[PDB]
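What follows is a set of notes on a single structure, which appears directly below.
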Amino acid sequence: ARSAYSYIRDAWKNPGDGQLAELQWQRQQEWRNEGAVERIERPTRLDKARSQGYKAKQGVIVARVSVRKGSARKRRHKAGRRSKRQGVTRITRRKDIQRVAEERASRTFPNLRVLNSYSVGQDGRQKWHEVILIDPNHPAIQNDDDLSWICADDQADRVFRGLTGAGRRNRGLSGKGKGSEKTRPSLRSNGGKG
Amino acid sequence: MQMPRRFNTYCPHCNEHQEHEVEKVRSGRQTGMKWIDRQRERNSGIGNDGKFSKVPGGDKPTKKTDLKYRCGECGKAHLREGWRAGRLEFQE
Amino acid sequence: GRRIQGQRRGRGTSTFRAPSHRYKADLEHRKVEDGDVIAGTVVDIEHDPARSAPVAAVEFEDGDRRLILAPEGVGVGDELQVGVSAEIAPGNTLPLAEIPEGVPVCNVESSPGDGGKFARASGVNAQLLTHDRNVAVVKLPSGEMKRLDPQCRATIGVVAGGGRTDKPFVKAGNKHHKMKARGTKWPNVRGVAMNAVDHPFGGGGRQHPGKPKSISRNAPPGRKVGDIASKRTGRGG
Amino acid sequence: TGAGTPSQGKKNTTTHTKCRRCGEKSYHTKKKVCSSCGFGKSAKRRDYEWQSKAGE
RNA sequence: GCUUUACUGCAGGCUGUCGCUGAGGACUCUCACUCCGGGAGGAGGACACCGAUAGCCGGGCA
RNA sequence: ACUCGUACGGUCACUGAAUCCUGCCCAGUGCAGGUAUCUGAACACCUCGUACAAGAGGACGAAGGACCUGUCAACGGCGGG
RNA sequence: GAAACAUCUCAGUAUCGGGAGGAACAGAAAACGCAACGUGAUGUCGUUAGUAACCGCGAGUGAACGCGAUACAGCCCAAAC
Ligand SMILES: [Cl-]
Ligand SMILES: [Cl-]
Ligand SMILES: [Cl-]
Ligand SMILES: [Cl-]
Ligand SMILES: [K+]
Ligand SMILES: [Mg+2]
Ligand SMILES: [Mg+2]
Ligand SMILES: [Mg+2]
Ligand SMILES: [Mg+2]
Ligand SMILES: [Mg+2]
Ligand SMILES: [Mg+2]
Ligand SMILES: [Mg+2]
Ligand SMILES: [Mg+2]
Ligand SMILES: [Mg+2]
Ligand SMILES: [Mg+2]
Ligand SMILES: [Mg+2]
Ligand SMILES: [Mg+2]
Ligand SMILES: [Mg+2]
Ligand SMILES: [Mg+2]
Ligand SMILES: [Mg+2]
Ligand SMILES: [Mg+2]
Ligand SMILES: [Mg+2]
Ligand code: NA
Ligand code: NA
Ligand code: NA
Ligand code: NA
Ligand code: NA
Ligand code: NA
Ligand code: NA
Ligand SMILES: [Sr+2]
Ligand SMILES: [Sr+2]
Ligand SMILES: [Sr+2]
Ligand SMILES: [Sr+2]
Ligand SMILES: [Sr+2]
Ligand SMILES: [Sr+2]
Ligand SMILES: [Sr+2]
Ligand SMILES: [Sr+2]
Ligand SMILES: [Sr+2]
Ligand SMILES: [Sr+2]
Ligand SMILES: [Sr+2]
Ligand SMILES: [Sr+2]
Ligand SMILES: [Sr+2]
Ligand SMILES: [Sr+2]
């Protein structure tokens, strides 16, 4: 039969219809009043969290984050930039809101590494994302056959280097064949034409 | 100058002499499904566009002749070399 | 060009700011629960450097020393009442509903309990007119009819220090001395005596503005000089 | 009063002093910030890529 | 460097529209959201703010 | 920032003590108000077109412009016959 | 640079913000599509090729599949129960 988890997954397919609609109207009232990064004991989406790698273990942290909405908070030109390089409100950035969210969250927790993240909704002025974090130094994770990879020296600050699942997706590394000549092995190696 | 409506002349898509109707050529409505029609939608962005950053041009104190010569038996049209016509009136 | 004077203003540098540290008090109203059981004796009448007009030092029933805005006539020894059922005497603070019609009032509030916003300057007043269950119309010093909430507090009487603007400065020395104590850059150099690089009316071989003085309300900061959105200009005609 | 030699008379102020962190006479004692190593401004050391010719 | 009814663009203002955003071509409500009060609670109310787009003005700026 | 400020205020401009005065013009440019009617973008709606998309027309219509009024201590003007 | 210049070029170069390691990144196909009865993770070297592609179609910009080589390596969850 179906898993109890599959009933949260099926609910989040439409986060504006029914029981979840009335839930998110309520929650966001407290979330708007909550900080930038708030550590929360239990995730909002169990299926998604577990799917991404979350366990109910010692040293597996989850934290909600809220980033401003829209495009870029881009100013104007002080020095002589042409007509083409004069867009203030019409241009956006190259890192999606989920990546900023993951970074803000990894800096709030300078010892924990980012596992993965997901969206927990949005309103007119902000976007919320919940980020799963892991403690690399906790022996509860050092001897875990499903999570001990994150304890390697080369995995240090993995979000900032774009080695996150959310990172590789923004870097244009999803496709294995066509239209991924300029993106693999890295953008920098390909001169930044990604 | 004046130039008749129906006159007996040649047509390379007929190989003989039939009565050709002299009609003014009406252009055609733009659907926008061409090569350069998409360049105005893709290649265009914030501040200046070169060739897309222009306005329609002018003329000479006389425009040429853009005519269609549809015949009697087949009704085929040949694109004849256009002369600098001041005002053209088709007799009858 | 360069940023005009009004652009350098908003930055909030020393030159354009007010010497706040040299100012006395943020003259507001007292918080009574409901009942008017608060009263106070005026002990002193001081000078306010922030707003030139006199300011009364009031000690209350519970010994709370606060500087209140001074209305005409009120002196040392006098008792005033702050609350809901206050006396209709000059200098008493009470809401608009409790104040009768055709009475000159001052230190009027916009939203109830904000501490006073309207009618505060040297010698001004406000006329209370209509009384409904919902609205209390007040005529502000400019002649504007403000449809106020009857729960908005106000002090009965005209402000003290009247007829001040009726006497000239005589010398620039008197203006200098005044402006040093306010949030203003002084003197005022006309935009026309400036260079083209410094103001929209600058430049030229003589003195005159380039374009007409009247400017659109949609004009950007740096082009908004002269007569801002004039519905007309001139005296007669 | 000319901007040259006579204006050089009013020069009895101490600004740049020996730094604690690096030791160059670049600690602005009025700003408490170093102009050479960046002590008092950054936790890191003030280094810049233009302190050397591009491809070096 | 500077000027403008030189060229082209950008800020910025004004305006429609989509999201925020709810209940019963004109209107009622309160529940989001905003503001004010220490608090109780009071004002405003799906407008406003903000994200997006569209037309006008636009030497303030390049 | 103005602002511990509230129209007897502060903001933006112009003229430059006092004294005696400061005429005429709102056609153009500016600013502001109004506007039956014209013009007016995208969205949504309507018709045809596409197994869908592209796409052709229509309907509606904001600011704005047209257009009318106000204004020169507003830019300015006060000639020839 | 385009013999000016605005799209374009210089060039994702300079410089700036963040972060890892002795290397980094990539990686076991929702691939390739020498269309096949075919190849079979990923880098890199040679070649493909100044080709295809782009571009006031101007100046200029410019891959890939394949092929030959170097080295080879393949696994773990989520859920079901
Ligand atoms: Cl991390
Ligand atoms: Cl013709
Ligand atoms: Cl003054
Ligand atoms: Cl093959
Ligand atoms: K350029
Ligand atoms: Mg590499
Ligand atoms: Mg200028
Ligand atoms: Mg000052
Ligand atoms: Mg006060
Ligand atoms: Mg002056
Ligand atoms: Mg001069
Ligand atoms: Mg003069
Ligand atoms: Mg003048
Ligand atoms: Mg508040
Ligand atoms: Mg210029
Ligand atoms: Mg003078
Ligand atoms: Mg006059
Ligand atoms: Mg050149
Ligand atoms: Mg390019
Ligand atoms: Mg050329
Ligand atoms: Mg290129
Ligand atoms: Mg290929
Ligand atoms: Na960290
Ligand atoms: Na494209
Ligand atoms: Na110069
Ligand atoms: Na006129
Ligand atoms: Na040249
Ligand atoms: Na040149
Ligand atoms: Na070109
Ligand atoms: Sr393009
Ligand atoms: Sr353009
Ligand atoms: Sr000609
Ligand atoms: Sr207050
Ligand atoms: Sr106040
Ligand atoms: Sr001038
Ligand atoms: Sr007059
Ligand atoms: Sr001297
Ligand atoms: Sr000195
Ligand atoms: Sr500092
Ligand atoms: Sr550095
Ligand atoms: Sr005079
Ligand atoms: Sr006029
Ligand atoms: Sr292999």
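The values are calculated or read from the model by the stated rules, or taken from the named source; none is laboratory data. Positions of Cβ are backbone-derived with ideal geometry, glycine not excepted, and every protein chain shown enters the neighbour counts.
Surrounded by 12 or more Cβ atoms within 10 Å (Cβ to Cβ), aliphatic (A, V, I, L, M), near RNA strand F (Cβ under 9 Å from one of its atoms) and under 27 Å from the mean Cα position of the chain (by Cα): which single residue out of C:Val158, C:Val138 fits that description?
One residue alone meets the criteria, C:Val158.
Pairs needed: first member in the stretch C:150-176, within 18 Å of C:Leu140 (Cα to Cα); second member anywhere, among the charged types (D, E, K, R); C-beta distance under 7 Å; at least 6 residues apart or different chains.
Final answer for the pair search is C:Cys152/C:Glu109; C:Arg153/C:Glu109; C:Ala154/C:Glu109; C:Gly157/C:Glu72; C:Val158/C:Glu72; C:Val159/C:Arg120; C:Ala160/C:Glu72; C:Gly162/C:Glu72.
Name the single residue, out of those in the stretch A:145-194 being of a type in the set (A, V, I, L, M) and over 21 Å from A:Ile97 (Cα atoms), that is farthest from ligand 38 (Cβ to nearest atom).
From the stretch A:145-194, those of a type in the set (A, V, I, L, M) are A:147, A:150, A:152, A:156, A:159, A:163, A:166, A:173, A:187; that's our starting set.
Narrowing the set further to residues that are over 21 Å from A:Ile97 (Cα atoms) leaves A:147, A:150, A:152, A:156.
Values: A:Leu147: 67, A:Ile150: 62, A:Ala152: 61, A:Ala156: 53 Å.
My answer is A:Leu147.
Taking the stretch B:6-43 as the region of interest, how many residues are of a type in the set (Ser, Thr, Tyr) and either in contact (Cβ under 8 Å) with a residue 60 or more places away in the chain or surrounded by 12 or more Cβ atoms within 10 Å (Cβ to Cβ) (or both)? Talk me through it step by step, then tell me what you get.
Of the stretch B:6-43, the ones of a type in the set (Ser, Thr, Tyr) are B:9-10, B:27, B:31.
With either in contact (Cβ under 8 Å) with a residue 60 or more places away in the chain or surrounded by 12 or more Cβ atoms within 10 Å (Cβ to Cβ) (or both) added as a condition, the list becomes B:9-10.
Count: 2.
Of the residues A:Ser51, A:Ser83, which is surrounded by fewer than 16 Cβ atoms within 10 Å (Cβ to Cβ), closer than 17 Å to A:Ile132 by Cα and hydroxyl-bearing (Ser, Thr, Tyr)? Reasoning before the result, please.
Numbers: A:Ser83 fails: closer than 17 Å to A:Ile132 by Cα.
Answer to the check: A:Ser51.
Considering the stretch C:198-220 alone, what residues qualify as being surrounded by 12 or more Cβ atoms within 10 Å (Cβ to Cβ), assigned to a loop (DSSP other than H, G, I, E, B) and more than 12 Å from ligand 7 (Cβ to nearest atom)?
Matches in the stretch C:198-220: C:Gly204, C:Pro209, C:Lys213, C:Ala219.
In this structure, is C:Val76 of a type in the set (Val, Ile, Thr) and out of contact with any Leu (no Cβ under 7 Å at 6 or more places or on another chain)?
It is true that C:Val76 is of a type in the set (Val, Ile, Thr) and out of contact with any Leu (no Cβ under 7 Å at 6 or more places or on another chain).
Could you please give the count of residues in the stretch C:221-237 that are within 24 Å of C:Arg8 (Cα to Cα) and assigned to a loop (DSSP other than H, G, I, E, B)?
7
Is it the case, given these coordinates, that A:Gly53 is in contact with a strand residue (DSSP E or B) (Cβ under 7 Å, 6 or more places away or on another chain) and within 11 Å of RNA strand G (Cβ to nearest atom)? If you could, list the steps in order and put the result at the bottom.
Working: in contact with a strand residue (DSSP E or B) (Cβ under 7 Å, 6 or more places away or on another chain): yes; within 11 Å of RNA strand G (Cβ to nearest atom): yes.
In short, yes.
Within the stretch C:161-197, how many residues are of a type in the set (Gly, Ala, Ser), assigned to a loop (DSSP other than H, G, I, E, B) and either within 16 Å of ligand 30 (Cβ to nearest atom) or over 31 Å from the mean Cα position of the chain (by Cα) (or both)?
The total comes to 1.
Residues that are within 23 Å of A:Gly162 (Cα to Cα) and touching a residue at least 40 places away in the same chain (Cβ under 8 Å): does the stretch A:22-37 have at least one?
Checking the stretch A:22-37: at least one residue is within 23 Å of A:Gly162 (Cα to Cα) and touching a residue at least 40 places away in the same chain (Cβ under 8 Å).
So which of B:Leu79, B:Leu88 ends up being farther than 30 Å from A:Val88 by Cα, more than 16 Å from ligand 31 (Cβ to nearest atom) and without any contact (Cβ under 8 Å) to a residue 60 or more places away in the chain?
B:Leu79
Name every residue in the stretch C:141-155 that is of a type in the set (A, V, I, L, M, F, W, C) and surrounded by fewer than 17 Cβ atoms within 10 Å (Cβ to Cβ), in order of residue number. Spell out the reasoning first.
Going residue by residue through the stretch C:141-155, those that are of a type in the set (A, V, I, L, M, F, W, C) are C:145, C:148, C:152, C:154.
C:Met145, the sole residue that qualifies.
Restricting the search to the stretch D:2-42, which residues are within 16 Å of RNA strand G (Cβ to nearest atom) and either among the charged types (D, E, K, R) or surrounded by 14 or more Cβ atoms within 10 Å (Cβ to Cβ) (or both)?
D:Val33, D:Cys34, D:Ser35, D:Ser36, D:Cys37, D:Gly38, D:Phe39, D:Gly40, D:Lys41
Any residue at all in the stretch A:75-82 that's in contact (Cβ under 8 Å) with a residue 12 or more places away in the chain, away from chain B (no Cβ under 14 Å) and not acidic (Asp, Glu)?
Yes, there is a match, as at least one residue in the stretch A:75-82 is in contact (Cβ under 8 Å) with a residue 12 or more places away in the chain, away from chain B (no Cβ under 14 Å) and not acidic (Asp, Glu).
Report every pair of residues separated by at least 6 positions or lying on different chains whose Cβ atoms are under 7 Å apart, first residue within the stretch A:166-179 and closer than 15 Å to A:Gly192 by Cα, second of a type outside the set (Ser, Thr, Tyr) and within 16 Å of ligand 30 (Cβ to nearest atom).
From residues that are closer than 15 Å to A:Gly192 by Cα, the pairs are A:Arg171/A:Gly194; A:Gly172/A:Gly194.
If A:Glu103 meets every condition in (1) more than 14 Å from chain B (Cβ to nearest Cβ); (2) loosely packed, with under 15 Cβ neighbours inside 10 Å; (3) of a type outside the set (A, V, I, L, M); (4) without any contact (Cβ under 8 Å) to a residue 60 or more places away in the chain apart from one, which number is that one?
That leaves (2) as the condition not met.
When you look at D:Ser36, is it part of a loop (DSSP other than H, G, I, E, B) and of a type in the set (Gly, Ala, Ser), yes or no?
Working: part of a loop (DSSP other than H, G, I, E, B): yes; of a type in the set (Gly, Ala, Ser): yes.
For D:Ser36, the condition - part of a loop (DSSP other than H, G, I, E, B) and of a type in the set (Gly, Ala, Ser) - is met.
Would it be correct to say that B:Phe7 is touching a strand residue (DSSP E or B) at 6+ places or on another chain (Cβ under 9 Å) and among the aromatic types (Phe, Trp, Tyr)?
So B:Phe7 fits the description; yes.
Can you pull out every residue in the stretch C:100-130 that is buried (at least 18 other Cβ atoms within 10 Å of the Cβ) and touching a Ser or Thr at 6+ places or on another chain (Cβ under 6 Å)?
C:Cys106, C:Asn107 - these are the residues of the stretch C:100-130 that are buried (at least 18 other Cβ atoms within 10 Å of the Cβ) and touching a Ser or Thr at 6+ places or on another chain (Cβ under 6 Å).
What about C:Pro95, is it in the same structural domain as C:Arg133 (by CATH) and closer than 23 Å to C:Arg164 by Cβ?
Answer is no for this residue.
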